Amino acid sequence: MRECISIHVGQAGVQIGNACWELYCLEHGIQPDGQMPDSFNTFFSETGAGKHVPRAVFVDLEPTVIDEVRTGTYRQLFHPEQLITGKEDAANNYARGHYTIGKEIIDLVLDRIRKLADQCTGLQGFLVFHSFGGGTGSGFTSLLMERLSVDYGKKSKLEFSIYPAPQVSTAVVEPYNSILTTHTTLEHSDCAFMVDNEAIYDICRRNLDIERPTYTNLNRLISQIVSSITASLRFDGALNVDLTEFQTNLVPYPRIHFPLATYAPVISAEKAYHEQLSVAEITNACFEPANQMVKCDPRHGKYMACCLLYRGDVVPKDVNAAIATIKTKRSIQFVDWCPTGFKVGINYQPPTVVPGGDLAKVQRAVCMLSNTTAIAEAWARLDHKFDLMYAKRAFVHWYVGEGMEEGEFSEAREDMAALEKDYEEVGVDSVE
Amino acid sequence: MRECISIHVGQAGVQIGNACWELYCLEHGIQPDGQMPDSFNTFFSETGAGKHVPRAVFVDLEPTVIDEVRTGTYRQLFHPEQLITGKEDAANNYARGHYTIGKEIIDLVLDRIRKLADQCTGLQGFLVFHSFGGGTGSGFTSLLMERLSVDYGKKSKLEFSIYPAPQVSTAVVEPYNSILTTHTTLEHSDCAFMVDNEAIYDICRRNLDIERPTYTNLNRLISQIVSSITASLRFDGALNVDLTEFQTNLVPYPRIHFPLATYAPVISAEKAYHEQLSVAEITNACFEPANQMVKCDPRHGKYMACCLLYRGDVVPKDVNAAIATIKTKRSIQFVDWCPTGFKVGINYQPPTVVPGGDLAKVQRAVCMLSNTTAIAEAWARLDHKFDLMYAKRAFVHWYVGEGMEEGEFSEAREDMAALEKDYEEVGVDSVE
Amino acid sequence: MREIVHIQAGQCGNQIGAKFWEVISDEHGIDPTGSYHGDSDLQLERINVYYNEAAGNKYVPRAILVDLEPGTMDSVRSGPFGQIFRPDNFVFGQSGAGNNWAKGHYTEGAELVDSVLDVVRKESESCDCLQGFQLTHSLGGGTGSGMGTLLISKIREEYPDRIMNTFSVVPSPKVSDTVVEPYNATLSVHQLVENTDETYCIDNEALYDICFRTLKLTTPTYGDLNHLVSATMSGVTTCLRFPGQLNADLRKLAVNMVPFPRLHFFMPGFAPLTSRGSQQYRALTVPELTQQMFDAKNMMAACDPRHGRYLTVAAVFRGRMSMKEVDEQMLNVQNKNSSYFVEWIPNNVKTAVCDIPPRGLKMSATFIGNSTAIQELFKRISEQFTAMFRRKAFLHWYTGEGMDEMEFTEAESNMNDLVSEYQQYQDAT
Amino acid sequence: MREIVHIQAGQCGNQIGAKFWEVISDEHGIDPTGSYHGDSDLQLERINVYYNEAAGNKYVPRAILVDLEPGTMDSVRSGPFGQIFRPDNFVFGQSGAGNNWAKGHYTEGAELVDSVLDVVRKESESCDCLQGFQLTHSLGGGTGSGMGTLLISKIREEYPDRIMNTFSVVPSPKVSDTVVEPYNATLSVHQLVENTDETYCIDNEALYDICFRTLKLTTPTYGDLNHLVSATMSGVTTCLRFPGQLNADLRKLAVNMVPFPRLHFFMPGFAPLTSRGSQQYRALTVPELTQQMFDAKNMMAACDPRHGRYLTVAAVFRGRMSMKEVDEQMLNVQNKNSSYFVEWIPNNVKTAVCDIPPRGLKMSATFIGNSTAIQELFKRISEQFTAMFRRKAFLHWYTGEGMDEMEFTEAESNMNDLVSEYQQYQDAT
Ligand SMILES: CC(=O)O[C@H]1C(=O)[C@@]2(C)[C@H]([C@H](OC(=O)c3ccccc3)[C@]3(O)C[C@H](OC(=O)[C@H](O)[C@@H](NC(=O)c4ccccc4)c4ccccc4)C(C)=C1C3(C)C)[C@]1(OC(C)=O)CO[C@@H]1C[C@@H]2O
Ligand SMILES: CC(=O)O[C@H]1C(=O)[C@@]2(C)[C@H]([C@H](OC(=O)c3ccccc3)[C@]3(O)C[C@H](OC(=O)[C@H](O)[C@@H](NC(=O)c4ccccc4)c4ccccc4)C(C)=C1C3(C)C)[C@]1(OC(C)=O)CO[C@@H]1C[C@@H]2O
Ligand SMILES: Nc1nc2c(ncn2[C@@H]2O[C@H](COP(=O)(O)OP(=O)(O)OP(=O)(O)O)[C@@H](O)[C@H]2O)c(=O)[nH]1
Ligand SMILES: Nc1nc2c(ncn2[C@@H]2O[C@H](COP(=O)(O)OP(=O)(O)OP(=O)(O)O)[C@@H](O)[C@H]2O)c(=O)[nH]1
Ligand SMILES: Nc1nc2c(ncn2[C@@H]2O[C@H](COP(=O)(O)OP(=O)(O)O)[C@@H](O)[C@H]2O)c(=O)[nH]1
Ligand SMILES: Nc1nc2c(ncn2[C@@H]2O[C@H](COP(=O)(O)OP(=O)(O)O)[C@@H](O)[C@H]2O)c(=O)[nH]1
Ligand SMILES: [Mg+2]
Ligand SMILES: [Mg+2]
């Protein structure tokens, strides 16, 4: 009755969503043919017969990865009027994603979302999966977030955005696309979550002992974070949480709405023994800087607010013991004006294991959603990458030639610099 | 006991009627040999033995398509004194259909209709199937509608006319034939329905995913509209409708009697899954402009009156919910003087599927008969096509030479222009 | 003694009666064959009011069924309890109304009424001491408006002393079935105000609320909606068919509810109504019945009683109960809602107590209200009538059957005079 | 006579009541079907205070359940003792509070309260002589703060003579569930001080001590924590449902505990509490109950009573005992702790003795304290409120729902005036 549709934009959105909807079927016993041999009513609309379909809209400008879902194993699961393709890709270009190509099929996708919005009565919010580096995931997403705030407005629009890595970048124009897509979504988004690739390569090597990871293995660990946040809508819990409750507890000021995700425990199959993994044991792994999924030192910043999502066999008393020790440590420090910096959620269901995966079966897990000022050092490095390339006016003729005024870069850069000094306003303490 | 004969004029009438009477046999279990291994008493007159024959009169001026029914599969079904042929076709010419050829065999067809009228006691009305572009379907029909209003008068004479397409025209003289046949039938017809070819090519491509349709596949979807209107005479329903009731509820002024048809749902076989198709879901597909079977924007006009024909497993309470949401939308807008713009009909029988067809088996369907002022933009384009060709007096010597005064065009054109400003009288609102 | 002749008109009036005669038959134990298979001896004590005893100890209903096409008449005689009616009473035509008041009252109604009145008079002679007539029809339809009001104009010319009441179906505010129903209702109210002793206004839209908000039925059909209308109708004449501590009938209610001869439009209400499984969580006493008869969500007419003022209230109770506990509740609703009534009528509540409950239940009640809150029903129609008549749309289907435009102006003048009367006594004191 | 209407709000208030009505049912022998299967005849002697007798000798609770989403309401009706509640009383919304006081009290609370007050008034008419209302909610949540205090503002306008008390849950010092709970508590205390006769402050953090230090439970859940709160609630009205040597009720405790109309915040305590196997190593007499009601580790509010001074003390005893042995212990704790009380109130201990113990036990007691040691509870909140309001953080979720910054200043002014009063009478003499 509390439904929540999800939107997957670009190639990065679909390949994450392949592992996500694979995981949702196993957490309810859903066959790949839509059958099963209403807790799941939030993410599945039942047909007249015994068949359930996802509430997802897969959109991409290039026809490669969408046809793989149309031809792969999960073929009879999706509604074929939802798998929206395009003629040509945006090709790492915000201007082709926002002016040239995106203005052709934006009215088709909004028609598909509005038909899903009508049959749902308790529609909470939207879940947009994209990446800052890609042409579609930054261009078409910035067009899409404009229309939803115009039409709906009062719905909790969330983003599990892929933040660009500090040292491992594939596309050369990633400093251009991240500045342009942030200036557009800043007035439309509610709470956008950051997940970096390079830190997950660090976790899968050090913890899982996998020296050869692929994008499949990255999409498994990301889908665990997607599962634990939406776990409260799908199962009964001793202390639940709603998607409306994230944007209230994690966003202090209307500009700063960029938290980061952290999942624990992440251990291998043979390392599932030799340790007990209590709730006081796995909570300290979250605030360890080695397990944070954004390559930033948290001791260079201050934590504003932190969400904790427990699931499995979790005792509510020992959570109170575990949080109390973290407030007594000295490396972890909060901001002066915020005395209460915790949002606690407990669910009963343990996280399941996908067969043919790499994580071991545990009885408890923690998803941490922390909003800290330590990301402000990373935004300044992104502005330093942007100011070098734009000073020589490199790659600009691929942007002006696709319907864009050249003076628009001064709009986005100065707004980012004004966003940069806002963390400096937060970073100072109170008076007396 | 409430019988209703049907008349099929020209090549467009017969090829529609081939798919229509194919559909009536399957909705009663009638063999193609007339046998069956009295709800069907309206459309079939029983013989002395166990054999039923249709109440249809197939008339055409060329002997090609009539002999196909005489030699095809449905051969032992029809009375061979009903399949009326002619020597030569009218050959896209109103004058040959109304003066030269039609005056030879008009007394034979009226003899066949009057013999069918005598054995029926509750004769409601007539159903004429033709096309505006053809020589027979516009010439011979205009002669035929004169005699029936003289003889019968008090009978509900209906027309499922084929409106000429805005961009896809085969015959060059279609702007001539449509103006002449409208000026004649305006004082004789009761409620003529419009169905366009080009919009059905748009529906069969977008919805059914058939990129190669033929005239057979167009005749299947048209026959579903013929079936759902005559469904109340053939089956018991919770809220029935009569053919006398259409001309009362849909025609506000005695000149404007041109509604348009809309059928929903139209989906493929594999798309019959993945969705539930409620009565609130398929009703919004009717008022969608993409599914309207006349290439006209409905938001350019205003709806005067609308008939809704439900069939199948239809709950009467949820119909009241579905209509109430449509009156709350803002793109759909009615006329100021009409507060009540709905005629609701519910039948119990679901629409069946012809074997070897293309539509899937559903449990419910909607036939919408809407009379709007949005067609007035299409009549003005037809007058613009007429005034260009007539100003150079092109093709006129094929009309004057077949027994017609040349000044007769000024009679039909000025009456159409006077019909054009009548919608402008309807389009303005009330006073205070 | 005190027999009732039942007349059914239109498509809706026939399908109500096909449900209605099934309801009365379970109050008397009547099989679909037509014999008697009851158990209590009070069932055959007053059987003659709705039935005529035939040879072989079978009972046939005193019903007259009118239509203009053999469609719905074929459905009734082939359905359940279709083999109970006399086949002579099925009067029908071949043309069909076409959902029009003109062809229902002028053209085909005039050629049918003599075939009907030869059957009405045949039932009128057979009754010992005739009480009066009742009619079930529509107001938005073509048959039940035209043919229905024509029969009332012929009956009152013959039987002025007999009571004549109609369980009419009034059109709804939000949705609309008939497009031309502001014309059909206005030309029918003009006939009903001069020829009917009392009139029960029933909206389908108010019935969709009770089937969803109260009874929690996900999928109600017309077999479930028309079931509630028939339950109200049996609760009116339940004090004529059974003895009680304080008996009433159709004539007592026609006097205590009508202060002025033009103000005889009602609103019906029935109690108790619960869900299927949610009956065990509630006691069934007299104050449980009283609190359900007076809230706005129980009226079968789409009108809020809190706007206007009541004039008179008829409460008809069924089953064994106590008179003080009635008067504990009938007085209390006149004290706390002291502004919602009218002032110059003291003790405007009429009490009627029958002894026999319906089959299975323990006790029941029936609400017959009369308020100035039905002026919103006429102001909504009269606004829709003037918004359509001023453009003269849909008028050639009336002018083409011999009807001048003065006839529309007389009905519109008659309706506004009725609105001014309910407007007067609302603000009066 | 003297009936109680029970109102539940928020997520926590519903899960307390789902445990609470299971506790009361074992004091009256009520199956999950809803019938009576007790053994002692004193159970049905005063059954009408928390139950309404239905048809078929079933009893339904007089409970009203409020939420803004159908999540937790679906959990209660599907769990054990979910089939005992009347399905009409489940009032809920579709939006959800989102853990915010503004949308709980202004936006969605205003569109829900009329649906609630039509149910509250229905329970208010059915009671013979209504005693008063009780409420179970939170102060850190969004629903139980906003929707909870809104219902109190509507009730006191209608029923000023009825008692209104809340078993509220107060936020904890060390850990914090809601991030914006200094805003949610401060805007709710501003409503509670003007509309509640008495208020029971309960901390979850004080309950985690007793489940670990006293009962030695390694793994306590909320089903075990909320079990202790419900045991305190039954021990308050235990002298209204059973005869005793000296009887009390909700009105006597509302007079003897409230010297000034703003000082009506309490601290609850329950005794005896031992381990499972460690009960055989201890006698169960009256001085064993007295020594456990007064130490700091038994209070259900995270505050040390040794700092401030008590004003009044209510001791409610259960089971057969002797009055001298009560007064041997009730006087002795006023002699040795002679500085910890207040001086200008002589004999500030109220005695209440019931006859019936809980099911299985031999005797029991219930502590209702009232001290100036709860000023630390407000000084801790008011310091956290000013530390967040001065930077105006998390404020656009309140300004975006129509709330001026004067409204925050009035609540902060009202709380500091309450702190100054408890600061005054602590050092007074
Ligand atoms: C154990 C018991 O009492 O069961 C009832 C029952 O519980 C309820 C749910 C019944 C039931 O009614 C419905 O469920 C219903 C649904 C849609 C539309 C109308 C009714 C019942 O059908 C109604 C039916 O009532 C009767 O039989 C009355 O005598 C009724 N006659 C009929 O409904 C009837 C009609 C045709 C064929 C057979 C019976 C009646 C009412 C007024 C005046 C005269 C007769 C019975 C026994 C029950 C059920 C089966 C559940 C209720 O209705 C009536 C009319 O009594 C719904 O509100 C009441 C509350 C009742 O408690
Ligand atoms: C042989 C015997 O007497 O065993 C007791 C028992 O020994 C002890 C350990 C009980 C027991 O309680 C617990 O173990 C407990 C654990 C976590 C949280 C709360 C309680 C008992 O459950 C408590 C329970 O008490 C009752 O039944 C009371 O009537 C109680 N009702 C319930 O607890 C109850 C709730 C739901 C379903 C069934 C029972 C009550 C108390 C106050 C007001 C009204 C009712 C019983 C018989 C016992 C056990 C089983 C061990 C104690 O609790 C109570 C509430 O009496 C814990 O401190 C006391 C000391 C008791 O001696
Ligand atoms: N987390 C994650 N990121 C991915 C994955 N595949 C690609 N990416 C990231 O996506 C970015 C590349 O952009 P794409 O999303 O593929 O491009 P697009 O937005 O779909 O559209 P075009 O650029 O026009 O092709 C880089 O930052 C990649 O690291 C994946 O499986 N997981
Ligand atoms: N809907 C539909 N229209 C058809 C079909 N076949 C032909 N038409 C249309 O009919 C028109 C041509 O008219 P015809 O019926 O062939 O001509 P006619 O009236 O018989 O007269 P002649 O040309 O003299 O034989 C064109 O507009 C065609 O598009 C068909 O199967 N379905
Ligand atoms: N309650 C109810 N209303 C009905 C039913 N059938 C038709 N109606 C109503 O009757 C009106 C149409 O009248 P109808 O009897 O069909 O037309 P007529 O027979 O030509 O007079 C509309 O207001 C319909 O909603 C039915 O079974 N029950
Ligand atoms: N004792 C107790 N406290 C609870 C429980 N559930 C939530 N809480 C507390 O209630 C507060 C959260 O309020 P909540 O009811 O969930 O929010 P709301 O429903 O939006 O008003 C926090 O202080 C929680 O510690 C419970 O079952 N027991
Ligand atoms: Mg791409
Ligand atoms: Mg041809």
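Looks like electron microscopy, 3.8 Å, at least that's what the header says.
Cβ coordinates are placed from backbone N, Cα and C, and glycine is handled just like the others.
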Looking at Swiss-Prot, C:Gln11, C:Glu69, C:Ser138, C:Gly142, C:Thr143, C:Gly144, C:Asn226 are annotated for GTP. Which of C:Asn195, C:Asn204, C:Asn256 sits in that same site? C:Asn204
Enumerate same-chain residues with a sequence separation of six or more from C:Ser172 (phosphoserine) and a Cβ-Cβ distance below 8 A; give 'none' if the list is empty. C:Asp203, C:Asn204, C:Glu205, C:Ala302
Return the single residue from the recorded positions list (C:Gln11, C:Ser40, C:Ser138) that has the minimum number of other CB atoms within 10 Å. C:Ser40
Among the binding-site residues C:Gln11, C:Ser138, C:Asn226, the ones with a Cβ under 8 Å from any Cβ of chain B are C:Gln11
Helix, strand and coil counts within the motif 'MREI motif' (C:1-4) (DSSP): 0 helix, 2 strand, 2 coil
Among the recorded positions C:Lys58, C:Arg318, C:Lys324, whose Cβ has the fewest other Cβ atoms within 10 Å? C:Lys324
Taking the Cα atoms as reference points, how far is C:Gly144 (GTP binding site) from C:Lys324 (ubiquitin cross-link) in Å? 43
Once DSSP output is merged into helix, strand and coil, C:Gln11 (GTP binding site) belongs to helix
Pairwise Cα distance for C:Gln11 (GTP binding site)/C:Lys324 (ubiquitin cross-link) [Å, integer]: 44
Taking only the CA atoms, the spacing between C:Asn226 (GTP binding site) and C:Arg318 (omega-N-methylarginine), expressed in whole angstrom, is 21
Rounded to the nearest angstrom, how far is the Cα of C:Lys58 (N6-succinyllysine) from the Cα of C:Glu69 (GTP binding site)? 29
So among the recorded positions C:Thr143, C:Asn226, C:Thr285, who's got the most Cβ atoms within 10 Å? C:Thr143
Least surrounded among the recorded positions, given as C:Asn204, C:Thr290, when other CB atoms within 10 Å are counted: C:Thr290
Determine, to the nearest whole angstrom, how far the Cα atom of C:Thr290 (phosphothreonine) is from the Cα atom of C:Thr143 (GTP binding site). 38
I'd like to confirm something. Which of the binding-site residues, C:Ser138, C:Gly142, C:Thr143, has a Cα closest to the Cα of C:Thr285 (phosphothreonine)? C:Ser138
Closest of C:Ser40, C:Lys58, C:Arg318, C:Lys324 to C:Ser138 (GTP binding site), Cα positions, recorded positions only: C:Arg318
